[PDB]
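A.B. asks: Handing you a structure now.
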Amino acid sequence: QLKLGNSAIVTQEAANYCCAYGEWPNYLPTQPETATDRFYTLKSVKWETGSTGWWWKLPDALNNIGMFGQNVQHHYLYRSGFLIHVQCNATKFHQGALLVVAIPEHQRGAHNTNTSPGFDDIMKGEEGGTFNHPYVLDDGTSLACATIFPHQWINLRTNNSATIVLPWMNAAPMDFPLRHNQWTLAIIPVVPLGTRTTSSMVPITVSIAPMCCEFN
Amino acid sequence: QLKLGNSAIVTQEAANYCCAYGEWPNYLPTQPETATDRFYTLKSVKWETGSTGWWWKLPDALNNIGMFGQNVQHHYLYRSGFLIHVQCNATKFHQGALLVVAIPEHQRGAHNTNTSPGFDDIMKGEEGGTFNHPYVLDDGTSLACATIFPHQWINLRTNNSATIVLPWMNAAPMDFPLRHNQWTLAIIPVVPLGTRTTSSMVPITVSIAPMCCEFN
Amino acid sequence: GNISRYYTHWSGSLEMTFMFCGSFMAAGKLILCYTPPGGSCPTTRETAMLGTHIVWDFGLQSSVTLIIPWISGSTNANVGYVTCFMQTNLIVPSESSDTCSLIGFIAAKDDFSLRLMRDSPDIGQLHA
Amino acid sequence: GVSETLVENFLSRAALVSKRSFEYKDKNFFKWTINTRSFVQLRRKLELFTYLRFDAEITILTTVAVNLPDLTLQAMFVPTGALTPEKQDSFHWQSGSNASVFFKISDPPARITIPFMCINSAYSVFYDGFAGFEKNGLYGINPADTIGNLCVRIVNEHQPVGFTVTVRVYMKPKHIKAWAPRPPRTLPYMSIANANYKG
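Written out as structure tokens, the structure reads:
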């Protein structure tokens, strides 16, 4: 049970949630404080034997759903931490691994061109984007070193959920929401799915919930 | 100064406000409590030498403006008192009287027909309606006995403001807002306006502010 | 204006003071409306009365101290609006002139902050 | 000494609220909706207050005239609730859930206390608004305000005499609690449903 505001997830084996960078979301010393604290559940993404990954930029992934879709497009500054729950239902007979990482300031880079990524290639909204080269995180870095960020492992042998608690990672005290994205939740299938007669989907559910919202 | 929520009136001679029926608005022993408590100022109505009067039904007069226009058309029950400020700017050289009365359950009646008043003739919205026979209050009663209701007098000799504080006048604990109207603020010019070379408008400003709002 | 062009990154909370300058009998109502940065400039009164406004009458109140909250401004950039809409029609007697006049007064508060002194673009190009 | 002017002392007069004669040989009985809107002597007194709350005391006085038997009468009060009869020998007269009352003409008159039947705290005498969400809904008729129906039939089977049975219903409200007084109406009424005026 994870009851925030009005709606909740009834999760069964609540795995050890990762407080990101050792911190925890808390208010700065207007504030709605109750309405926006709710689990905005995204769509279930089609994870197959040949999927490369998914990235949702926060808070661009929530600027179209509920009070937080309203409280962004009225206001001018937000300051809110996050709690991301990524739960991936699968039987015992499936195999595979996920790297559920929450990258701050994930400045992307286009392939084989010196042109900047456009507004259509960065801000996708709720739907999220697919990695084009997941080994290099689409910015020239390495996925092998990507555990330096806040990460958890969904190894479908061991567990099938990953909860990350993301704090306010910014130099500024309050930031414009539509023109900047701090965290980029990235789910990369390191070890891909595999089973013979049922090689189809194993869906992945992403449940982003803003915490400790402020607005001016 | 009458500062409610975010916006206010800077009124100059705050006359003796009439607590209606001796009571005062207070909560029942969801609640926003701060956003809807604000002075929704209606239009300034054209008061002339031959105007008969104006009636605004509450809360039909506010179901199209601000948070209270939103918090009605999402919810199902409201329970809120009212504070009506009627301020009528006029010089010393004008004359005239107003009866600023707040009639509860003002069931209107059409003239010279046995047909019920329709939805177009009762719910006017923010714009308010004009009396057709102000001597009988358009329901067969008498204006001469209409001081039994919560009333104040705007005599343009004496004062030029009238503040009424309206409580929750209902048998039910919470009521549907769109399909019922409790108070009917009625401004009747008992003694009409008069001046010779400037017989034109003396505008009347109505500033309704909900108090102690509840919603489910 | 002229001092905060000698400084690059300004901050703080300004405050306005409007003042009516008509005859004593002349009455009427304004609705001064503040729009936060990023808020749309209101065009009609019903949009404007939903902002953080004030309803000002020309009686004993011939001056309104309007406070503007923390802006921290610091390229055409815009960090707010103050639009004043006329609520009632202007009542003047037959003896006074029909045209009356408002004047404003901007003043910064004591939390106003200036830093990183640059030079002003005001004067720019003399005999003797 | 002003104790006669009390509000309970002002409205508790057993006035004739209903007077219907039904033949015997609405099919040969009467169904009367319990409301105050019938007689303007009592309607004007109760339309001085906005919210009323009262336990009614329905007294049915019944006298016979043959165009003289000893007849048995049933007076089934149907609430705002269950269905009402539509004929004289329907299955609704033999209902146990409805508070029927059986009496004869030769007895002293029938008397039952219908309690406060509204689901609000008081009867909205004047109501401003519509009942249902349809825009042609009835204006000023609160669905909570409805008392019910007082259905009276003759228990006897058909008799060889053809007679007219006169029923006079008296409603004396008691334990009256009143709220929010109103100006007394000057112009006459036009319909019992609403409050129009002729002019």
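Residue numbers (the authors' numbering), protein chains in the order written: chain C, 15 to 43, 54 to 240; chain C', 15 to 43, 54 to 240; chain B, 100 to 173, 185 to 235, 239 to 241; chain A, 53 to 77, 87 to 128, 138 to 269. A prime marks a further copy of an entry chain.
Note that the Cβ used here is the ideal one computed from N, Cα and C, for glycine as well.
Quick one: is A:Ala263 near chain C', going by C-beta distance under 8 Å?
C.D. replies: As a working mapping, residue 263 of chain A is identified with position 193 in the fourth sequence. So, interface residue.
A.B. asks: May I ask which residues mark the beginning and end of the beta strand (DSSP E) holding A:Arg223?
C.D. replies: The residue given as residue 223 of chain A occupies position 153 in the fourth sequence. Start and end: 218 to 224.
A.B. asks: With a threshold of 8 Å between beta carbons, is C':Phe143 in contact with chain A?
C.D. replies: Start at 1 with the first residue of the second sequence, and residue 143 of chain C' comes out as number 119. Closer than 8 Å: yes.
A.B. asks: Any chance the stretch 162 to 180 of chain C' sits against the stretch 149 to 159 of chain A, with 3 or more Cβ pairs inside 8 Å?
C.D. replies: The stretch 162 to 180 of chain C', when compared against the stretch 149 to 159 of chain A, does not touch it at the 8 Å Cβ threshold.
A.B. asks: Can you name the residues of chain C whose CB is closer than 7 Å to the CB of B:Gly137?
C.D. replies: The count along the third sequence starts at 1 and reaches residue 137 of chain B at position 38. Those within 7 Å of B:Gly137 in chain C are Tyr100.
A.B. asks: Taking C-alpha atoms, which residue in C:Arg220, C:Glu238, C:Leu190 lies nearest to C:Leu82?
C.D. replies: Position 58 of the first sequence, counted from the start, is the residue given in the question as residue 82 of chain C. Minimum Cα distance to C:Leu82 is reached at C:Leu190.
A.B. asks: Pull out every residue of the stretch 224 to 237 of chain C' whose Cβ sits closer than 7 Å to any Cβ of chain A, in chain order.
C.D. replies: Within the stretch 224 to 237 of chain C', no residue qualifies.
A.B. asks: Are the stretch 137 to 150 of chain C and the stretch 181 to 188 of chain C in contact at 8 Å, needing three or more beta carbon pairs?
C.D. replies: Contact fails: fewer than three Cβ-Cβ distances are below 8 Å.
A.B. asks: Rank A:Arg104, A:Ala180, A:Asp87 by C-alpha distance to the C-alpha of A:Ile119 and give the top, closest one.
C.D. replies: Position 58 of the fourth sequence, counted from the first residue, corresponds to residue 119 of chain A. Considering only alpha carbons, the answer is A:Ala180.
A.B. asks: Measuring straight from C-alpha to C-alpha, what distance separates C':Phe92 and C':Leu86?
C.D. replies: The sequence position of residue 92 of chain C' within the second sequence is 68, counting from 1. The sequence position of residue 86 of chain C' within the second sequence is 62, counting from 1. Roughly 7 Å separates the two Cα atoms.
A.B. asks: Given this structure, state the Cα-to-Cα distance separating C:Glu27 from C:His109, to the nearest angstrom.
C.D. replies: Numbered from 1 along the first sequence, position 13 holds the residue referred to as residue 27 of chain C. Numbered from 1 along the first sequence, position 85 holds the residue referred to as residue 109 of chain C. Taking the straight line from one Cα to the other gives about 12 Å.
A.B. asks: Run down chain A in chain order and give the residues with a C-beta less than 8 Å from the C-beta of C':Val160.
C.D. replies: Your numbering for residue 160 of chain C' matches position 136 in the second sequence. Simply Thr256, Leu257, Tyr267.
A.B. asks: My output table needs one value for C:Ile146: the three-state DSSP class, helix, strand or coil.
C.D. replies: Reading the first sequence from its first residue, position 122 is the one you call residue 146 of chain C. Three-state DSSP puts C:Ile146 in a helix.
A.B. asks: Should A:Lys174 and C':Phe143 be called a contact, given that it needs their Cβ atoms to be closer than 8 Å?
C.D. replies: As a first step, residue 174 of chain A is located in the fourth sequence; it is residue number 104 there, counting from the start. As a first step, residue 143 of chain C' is located in the second sequence; it is residue number 119 there, counting from the start. Against a cut-off of 8 Å, the Cβ pair of C':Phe143 and A:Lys174 comes out as no contact.
A.B. asks: Report buried or exposed for C:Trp78, applying the criterion of at least 16 other Cβ atoms within 10 angstroms of its Cβ.
C.D. replies: Here residue 78 of chain C refers to the residue found at position 54 when the first sequence is read from its first residue. Under this definition C:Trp78 is a buried residue.
A.B. asks: Keeping to the same chain, check which residues put their C-beta closer than 8 Å to that of B:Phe215; ignore five residues upstream and five downstream.
C.D. replies: Residue 215 of chain B sits at position 105 when you count from the first residue of the third sequence. Answer for B:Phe215: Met115, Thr116, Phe117, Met118, listed in chain order.
A.B. asks: Would you mind listing the beta strand (DSSP E) stretches within the stretch 115 to 193 of chain C' that are 3+ residues and don't spill past its ends, in chain order?
C.D. replies: You should have 121 to 128, 175 to 179, 185 to 190.
A.B. asks: Kindly list the residues whose CB is nearer than 8 Å to the CB of C':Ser231, restricted to its own chain and excluding five residues on each side of it in sequence; keep chain order.
C.D. replies: For the purposes of this step, residue 231 of chain C' is taken as the residue at position 207 of the second sequence. Same-chain partners within the cutoff: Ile23, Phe63, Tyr64, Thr65, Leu66, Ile108, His109, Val110, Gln111.
A.B. asks: Tell me the residue span of the beta strand (DSSP E) that contains C:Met235.
C.D. replies: As a position in the first sequence, residue 235 of chain C is number 211, starting the count at 1. Segment 228 to 235, the beta strand (DSSP E) holding C:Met235.
A.B. asks: Going by beta carbon distance, what residues of the same chain come within less than 7 Å of A:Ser176, once the five residues before and after it are set aside?
C.D. replies: Taking the fourth sequence and counting its residues from 1, the one referred to as residue 176 of chain A is at position 106. Result list for A:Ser176: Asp140, in chain order.
A.B. asks: Does any residue of chain A bring its CB to less than 8 Å from the CB of C':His135?
C.D. replies: Here residue 135 of chain C' corresponds to residue number 111 of the second sequence, with the count starting at 1. It does: the Cβ of C':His135 has a partner Cβ on chain A nearer than 8 Å.
A.B. asks: Distance check for B:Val163 and C:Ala195, CA to CA, integer angstroms please.
C.D. replies: Counted from its first residue, the first sequence places residue 195 of chain C at position 171. Counted from its first residue, the third sequence places residue 163 of chain B at position 64. Their backbone Cα atoms lie some 38 Å apart in a straight line.
A.B. asks: Let's test the definition: count the other Cβ atoms within 10 Å of the Cβ of B:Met196 and tell me whether it reaches 16, buried, or not, exposed.
C.D. replies: Taking the third sequence and counting its residues from 1, the one referred to as residue 196 of chain B is at position 86. By the 10 Å Cβ count, B:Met196 comes out exposed.
A.B. asks: At what residues does the alpha helix (DSSP H) containing A:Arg104 begin and finish?
C.D. replies: On the fourth sequence, residue 104 of chain A is found 43 positions in, with the first residue counted as 1. First-last of the alpha helix (DSSP H) with A:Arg104: 101 to 107.
A.B. asks: So which of A:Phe203, A:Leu143, A:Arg105, A:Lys106 has the shortest CA-CA distance to C':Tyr100?
C.D. replies: Taking the second sequence and counting its residues from 1, one reaches residue 100 of chain C' at position 76. Checked all of A:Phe203, A:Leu143, A:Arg105, A:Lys106; the closest Cα to C':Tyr100 is A:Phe203.
A.B. asks: Note down the Cα distance separating C':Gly90 from C:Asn95, rounded to an integer number of angstroms.
C.D. replies: Within the second sequence, the letter at position 66 stands for residue 90 of chain C'. Within the first sequence, the letter at position 71 stands for residue 95 of chain C. About 15 Å.
A.B. asks: I want to see whether chain C' comes within less than 8 Å of A:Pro251, judged by CB atoms only; does it?
C.D. replies: As a position in the fourth sequence, residue 251 of chain A is number 181, starting the count at 1. It does; some Cβ of chain C' falls within 8 Å.
A.B. asks: What residues in the stretch 142 to 157 of chain B have a beta carbon less than 9 Å from any beta carbon of chain C'?
C.D. replies: If the cut-off is 9 Å between Cβ atoms, the stretch 142 to 157 of chain B has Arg144, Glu145, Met148, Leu149, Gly150, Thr151, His152, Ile153, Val154, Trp155, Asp156, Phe157 near chain C'.
A.B. asks: Could you pull out every residue in the same chain whose Cβ sits closer than 6 Å to the Cβ of C':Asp84, ignoring the five residues on either side in sequence?
C.D. replies: Position 60 of the second sequence, counted from the first residue, corresponds to residue 84 of chain C'. Taken in chain order, the residues that qualify are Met147, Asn205.
A.B. asks: Please determine if the stretch 27 to 41 of chain C' and the stretch 133 to 140 of chain B are in contact, where contact requires at least 3 C-beta pairs separated by less than 8 Å.
C.D. replies: No, the stretch 27 to 41 of chain C' is not in contact with the stretch 133 to 140 of chain B.
A.B. asks: In this structure, what does DSSP give as the bridge partners for C':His109?
C.D. replies: For this step, residue 109 of chain C' is matched to residue 85 along the second sequence. C':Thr187, C':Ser231, per the DSSP bridge assignment.
A.B. asks: Quick check on DSSP: helix, strand or coil for C:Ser68?
C.D. replies: For the purposes of this step, residue 68 of chain C is taken as residue 44 along the first sequence, with counting starting at 1. If DSSP states are grouped into helix, strand and coil, C:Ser68 belongs with the strands.
A.B. asks: Any beta carbon of chain C' sitting closer than 8 Å to that of B:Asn188?
C.D. replies: Walking along the third sequence from the start, residue 188 of chain B turns up at place 78. Judged by the 8 Å Cβ criterion, B:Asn188 is not in contact with chain C'.
A.B. asks: Between C:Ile212 and C:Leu167, how many whole angstroms is the CB-CB distance? I'm expecting something under 8 Å.
C.D. replies: One-based indexing of the first sequence puts residue 212 of chain C at position 188. One-based indexing of the first sequence puts residue 167 of chain C at position 143. Contact flag correct, Cβ pair sits at about 6 Å.
A.B. asks: Three or more beta-carbon pairs under 8 Å between the stretch 135 to 155 of chain B and the stretch 59 to 71 of chain A, yes or no?
C.D. replies: The stretch 135 to 155 of chain B vs the stretch 59 to 71 of chain A: no contact.
A.B. asks: In or out: A:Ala152 buried (at least 16 other Cβ within 10 Å) or exposed?
C.D. replies: One-based indexing of the fourth sequence puts residue 152 of chain A at position 82. The residue in question, A:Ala152, is exposed, as its Cβ has fewer than 16 Cβ neighbours within 10 Å.
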